[PDB]
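Read the structure below first, then the notes.
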Amino acid sequence: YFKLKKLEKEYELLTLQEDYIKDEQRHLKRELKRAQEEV
Amino acid sequence: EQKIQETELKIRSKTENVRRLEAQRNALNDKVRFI
Amino acid sequence: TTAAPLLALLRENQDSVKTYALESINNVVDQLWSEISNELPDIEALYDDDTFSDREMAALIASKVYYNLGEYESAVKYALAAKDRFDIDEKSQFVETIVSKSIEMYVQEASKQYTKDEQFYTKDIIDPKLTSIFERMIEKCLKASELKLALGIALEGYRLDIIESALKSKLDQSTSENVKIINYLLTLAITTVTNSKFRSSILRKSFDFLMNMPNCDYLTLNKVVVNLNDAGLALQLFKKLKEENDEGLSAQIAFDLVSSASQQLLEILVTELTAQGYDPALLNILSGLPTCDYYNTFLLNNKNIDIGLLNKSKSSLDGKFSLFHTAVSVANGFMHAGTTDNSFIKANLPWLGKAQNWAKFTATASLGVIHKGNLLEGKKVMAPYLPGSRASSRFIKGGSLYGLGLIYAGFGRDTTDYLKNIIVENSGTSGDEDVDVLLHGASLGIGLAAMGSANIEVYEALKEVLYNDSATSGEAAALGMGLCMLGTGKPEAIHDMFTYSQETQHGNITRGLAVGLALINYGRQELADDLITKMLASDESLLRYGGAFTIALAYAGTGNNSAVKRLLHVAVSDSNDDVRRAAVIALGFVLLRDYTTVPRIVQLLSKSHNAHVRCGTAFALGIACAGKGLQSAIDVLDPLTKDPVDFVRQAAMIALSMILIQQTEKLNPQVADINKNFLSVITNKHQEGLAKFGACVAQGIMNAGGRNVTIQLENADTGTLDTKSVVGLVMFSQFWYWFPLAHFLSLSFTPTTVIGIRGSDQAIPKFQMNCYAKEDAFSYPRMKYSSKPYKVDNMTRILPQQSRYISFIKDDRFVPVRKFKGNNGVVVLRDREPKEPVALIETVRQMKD
């Protein structure tokens, strides 16, 4: 019965990493903003 | 038991999309160390 | 035979020929489905015709067409239209997919039709097309002797008839089949059934089959009365123990309930049980007298504090204000916790005198951690600092009222009226600063004793203190009210305490109310979303600091995909580092169920430009990974130690001490590097000031309780989320911002011991089980399955994580029951020969009794 439990535990990684992709893109926009300020 | 095995297909399908996240993370860490 | 022209001839006469025409179609349904696709509307149009009697054979034709076209929805309807030709017993991929498709659409309408009626599974409320396969599939799995697909689908389809009816026919009372069958119903239904009332009826059905008690599982019935918190089923279990008289069976039930029960259920097992009748032998057990003795007696037998390495830490300097005196006093209280050793205060004079007014709080509150578990002489420890005996100063006097909260927490009903009258006298006003310090420890003291229990008197008593807008005692007043509002709480107090936050703009007050608004909502899940929305919309730093922990407390236990997405956006969009730190710490409380994916999530957030983000993910990693496995979480904390930031190193050292408990002796390679850092960071001047302060505290966490107690949160011994353990970890997030709160961490330390005691009363003898385990027993800080027995397996440190390999020998005066039950906070195994030369040793338990 461990096959069913091991699968549901892997969706916890898939849950956060879907919205975490766009978080890096929004962070990249802040890094490019700070990059122009450092110059 | 094929209904549960079909749900497992999403894990291997989204795994390829997770690998795209690793591309932007290394590019982001280069910007963090730069600033 | 070809179905295309035959369905086009349906407009002619002689319907008898059409019967033989439909018979030849059943052969080509699996061959060519392309030519029949255009003639499909002729089949459905004749189904509603009352003069068309061939719908039985016509349903078989359309069932195998729409399915092959790629539409799984129509395959269910056209197959069951006749309710005859459909054969579920035939082995094919055509039926099995329709079964999985019908169940997929049945579980969706099960929760939607629950609002209209709860009997929908016994009635026609659901369209019978979705209930025909769902009923016949379970009956087919019952004949195949497979309970995995029968019980798993039943929990998803929201049908109580399957659990009740099928369990009677599967009875196997070898006496070991009915125990496991119900076990799958308790674990799966928590992560599957959304409705709290449907899963509540499931626990009530298992009580009837186990009511006769034919040497069945007594642990299953314990988890039923704790989750339901029903006074009817709780007191009914004790009534069965009166008919069948066993002193070893009734004890193991009583010691297990008092540990796993919430605050509201403990009052039912004591106050409510007395009114309806009780057992004089089982009444003192539920009152916590032998339970608190387990904390005092087990830890006192074997305790190694390693004074050699402890003296070098606290003898370095008398300075650094209260930051040094706290690190040495709180870490020392870890090793002596439960053993009632005052040697730090008594045997060592100088370390007490060097403390300032605010620094004497940790020296006094350390006794509350050391003497925790004393229901009799605990007041005598604070006797010189109690009110009416005065003190050397009123600043240290306030710490005595806080020490009573740590010792008596949850049992402090006797101290409820004692701590309340002190607040009422000072509730009017205050003319001095130290007067608020006296009420500061009183508010936190009355909050811990009444923690989990709703009390309107304490709430109204602390409400008047908030009106005075006190800078010191005003923060503890909100913390004392939040502990009484745990669980369901009072809905009116939600908006009242939230209104006072906007009206009164005080540093400590608003931050204290923010934590109080987090504690008032506990386990409410979506019911707390009204308060969460108000905090996320506000730009206040303190409202967003407590908004993360509000999600952590209500959404804990079973993980929620919505709570993860909420806490993720808070640590990104918001630029406040304290809120980003509080958001990543709140994520660990939702992930308590799965500890394997925690290191992978915190490692992604461990790379950023902010130090507070790395500081929060450090301690949040050690929360779930403390009492669990997966040693690789230490490698994630390795780059966090090299961080020049001071508070990142301190949170990393504390996180290392939580995961590395009992990881020595050829288990983890990182136990050698952490033992050197004990005296290395303190003596080194290159390190951070706060880095060496937490390294001394981390040194005492692994050796806490004499290298015995460990931090257990969401484990098999408790059975549910520990209320005392989850709150103590939230208070740790605030350390140097106000004054160290680490005293609240003592609630999460429980000892690990395995002993049989006797079959009647308390003994604690000395014996040897001689089983296979790694050697933690003789391992102390200095200056594969081999079936190999070990010297002393009794009590001490042992190895509770890998203990599943530890057996139990039947050659002694005891007898095996659960085959190493493994519960440390209960023990007291079955003794088949009481009052025998088991080499009994009388402990100090009579002092606390």
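Residue names in the structure tokens use chain letters A, B, ... in the order shown, residue numbers from 1 in each chain, and ligand numbers from 1 in the order shown.
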Could you list, as an MDAnalysis selection string, the residues of chain B having an atom within 10 Å of chain C when counting only C-alpha atoms?
chainID B and resid 1:4 22 25:26 28:29 31:33 35
Output file for the residues above (N, CA and C atoms, as a JSON list (two decimals), in the first residue's frame):
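The file below, selection_6.json, is the result:
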[["chain", "number", "residue", "atom", "x", "y", "z"],
["B", 1, "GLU", "N", -6.43, -0.81, -10.69],
["B", 1, "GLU", "CA", -5.31, -0.03, -10.18],
["B", 1, "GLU", "C", -4.74, 0.89, -11.25],
["B", 2, "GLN", "N", -5.32, 0.83, -12.45],
["B", 2, "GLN", "CA", -4.86, 1.67, -13.54],
["B", 2, "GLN", "C", -5.24, 3.14, -13.34],
["B", 3, "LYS", "N", -6.23, 3.42, -12.49],
["B", 3, "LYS", "CA", -6.60, 4.81, -12.23],
["B", 3, "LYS", "C", -5.53, 5.52, -11.42],
["B", 4, "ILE", "N", -4.90, 4.81, -10.48],
["B", 4, "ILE", "CA", -3.81, 5.40, -9.71],
["B", 4, "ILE", "C", -2.55, 5.51, -10.55],
["B", 22, "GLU", "N", 15.18, 24.66, -13.02],
["B", 22, "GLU", "CA", 16.60, 24.63, -12.69],
["B", 22, "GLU", "C", 17.43, 25.49, -13.63],
["B", 25, "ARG", "N", 17.04, 29.09, -12.17],
["B", 25, "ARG", "CA", 17.58, 29.23, -10.82],
["B", 25, "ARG", "C", 19.07, 29.55, -10.85],
["B", 26, "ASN", "N", 19.83, 28.83, -11.69],
["B", 26, "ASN", "CA", 21.25, 29.11, -11.82],
["B", 26, "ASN", "C", 21.50, 30.48, -12.44],
["B", 28, "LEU", "N", 19.49, 32.94, -11.94],
["B", 28, "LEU", "CA", 19.12, 33.88, -10.89],
["B", 28, "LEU", "C", 20.21, 34.00, -9.83],
["B", 29, "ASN", "N", 20.84, 32.87, -9.48],
["B", 29, "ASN", "CA", 21.91, 32.91, -8.49],
["B", 29, "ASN", "C", 23.11, 33.71, -8.99],
["B", 31, "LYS", "N", 22.80, 36.40, -10.73],
["B", 31, "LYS", "CA", 22.40, 37.79, -10.51],
["B", 31, "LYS", "C", 22.45, 38.17, -9.03],
["B", 32, "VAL", "N", 22.17, 37.21, -8.14],
["B", 32, "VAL", "CA", 22.24, 37.49, -6.71],
["B", 32, "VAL", "C", 23.68, 37.74, -6.29],
["B", 33, "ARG", "N", 24.60, 36.89, -6.75],
["B", 33, "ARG", "CA", 26.01, 37.09, -6.43],
["B", 33, "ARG", "C", 26.57, 38.33, -7.12],
["B", 35, "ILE", "N", 24.81, 41.31, -7.73],
["B", 35, "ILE", "CA", 24.38, 42.47, -6.97],
["B", 35, "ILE", "C", 25.02, 42.48, -5.58]]
Using the chain letters and numbers from this document, which residues of segment 520-619 of chain C does DSSP assign to alpha helix (DSSP H), as a ChimeraX atom specification?
/C:529-537,541-554,561-573,577-590,598-605,611-619
Give one line per residue of chain C that approaches chain A to at most 9 Å, naming the two atoms of the closest pair and their distance in Å to one decimal, counting only C-alpha atoms; sort by chain then ascending residue number and deliver it as a Markdown table.
| residue | atom | partner | partner_atom | distance |
| --- | --- | --- | --- | --- |
| C:148 | CA | A:1 | CA | 7.4 |
| C:559 | CA | A:12 | CA | 8.1 |
| C:560 | CA | A:12 | CA | 8.8 |
| C:561 | CA | A:15 | CA | 6.2 |
| C:562 | CA | A:15 | CA | 8.8 |
| C:564 | CA | A:16 | CA | 6.4 |
| C:565 | CA | A:16 | CA | 6.3 |
| C:568 | CA | A:16 | CA | 7.4 |
| C:569 | CA | A:23 | CA | 7.8 |
| C:572 | CA | A:23 | CA | 6.8 |
| C:573 | CA | A:23 | CA | 8.4 |
| C:591 | CA | A:12 | CA | 8.4 |
| C:593 | CA | A:9 | CA | 8.9 |
| C:594 | CA | A:9 | CA | 6.4 |
| C:596 | CA | A:9 | CA | 8.0 |
| C:597 | CA | A:13 | CA | 6.6 |
| C:598 | CA | A:13 | CA | 8.8 |
| C:600 | CA | A:13 | CA | 7.9 |
| C:601 | CA | A:13 | CA | 7.1 |
Any idea what's packed within 10 Å of residue 730 of chain C, counting only C-alpha atoms, ignoring anything in its chain fewer than 5 positions away? Could you give it as a ChimeraX atom specification?
/C:515,546,549,552-553,582,585-586,589,725,741-742,744-745
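Note that atom CA of residue 618 of chain C and atom CA of residue 18 of chain B are 23.4 Å apart.
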